[PDB]
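Trainee: no FASTA, just this:
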DNA sequence: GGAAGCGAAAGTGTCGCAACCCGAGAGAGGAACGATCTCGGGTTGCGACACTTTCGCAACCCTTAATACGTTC
């Protein structure tokens, strides 16, 4: 994982895998993406995702034999009844990308601390970094923070 | 992958007990030996458990890394 060439080589080695599974999923109206070793499948049709794990095992055996295997402990089904996240990003029930309630509450906590000059420099730097990420995933959250905390405070923070 | 120490799992050998067999011996019945019962020593089968052997957890991070803050693998 630590080598600069490893990302490229790993993506290449998964090329044929991705081709086959993507095509197969598209026929049954399943969305498929891969982030390195993390595979994600989603659908609006009930009772279609149950077949996917078996399909995966067969394909892996076909392409790689016993070299690459599913982590069966890490196979998880979810729905709008439950928490859904993809690579650290929460998908809320309004179908919008979110940081999640707990992370948002934590950020608000840090901003409140800053407002009263209680954040140390390390925490301040941390807060600034996290807000940049928040701006990328959920820009509306930043707008809300501006409304809640004065634009002036927030600008002062981000300056 | 697998140090060093440790113990799980599983197979093998030991060993002490119980049940049995055998001959020896004192001497009931009544008056001639020797009935019945117990001593002492040996054998054999059984099974609980001690002993033996193998496996596998995961220290270390190899000379060889970078340093603005966050996120993901």
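Mentor: Cool, the structure landed. Numbering: from 1, shown residues only, chains lettered A, B, ... in the order given.

Trainee: For residue A:7, list the residues it contacts.
Mentor: Counting by Cβ atoms under 8 Å, 6 or more residues apart in numbering, residue A:7 touches residue A:36. Any C-beta I mention is one placed from the backbone N, CA and C, and that applies to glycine too.

Trainee: Repeat that for the one 10 residues further on.
Mentor: When contacts are counted by Cβ under 8 Å, 6+ apart, residue A:17 is found next to A:59, A:60, A:63.

Trainee: List buried residues within those residues.
Mentor: Among the contacts of residue A:17, the ones that count as buried by 16 or more other Cβ atoms under 10 Å are residue A:60.

Trainee: Same list (the contacts of residue A:17) but as a markdown table, adding distance to DNA strand B.
Mentor: Conversion of the contacts of residue A:17 to a markdown table gives the following (distance: Cβ to the nearest atom of the strand, whole Å):
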| residue | distance to DNA strand B |
| --- | --- |
| A:59 | 19 |
| A:60 | 16 |
| A:63 | 19 |
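
Trainee: Just put the contacts of residue A:17 in JSON lines and tack on secondary structure and distance to residue A:3.
Mentor: Putting the contacts of residue A:17 into JSON lines (DSSP: H, G, I helix; E, B strand; the rest coil; distance: Cβ to Cβ, whole Å) gives the following:
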{"residue": "A:59", "secondary structure": "helix", "distance to residue A:3": "27"}
{"residue": "A:60", "secondary structure": "helix", "distance to residue A:3": "23"}
{"residue": "A:63", "secondary structure": "helix", "distance to residue A:3": "23"}
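
Trainee: That concludes my questions; thank you for your assistance.
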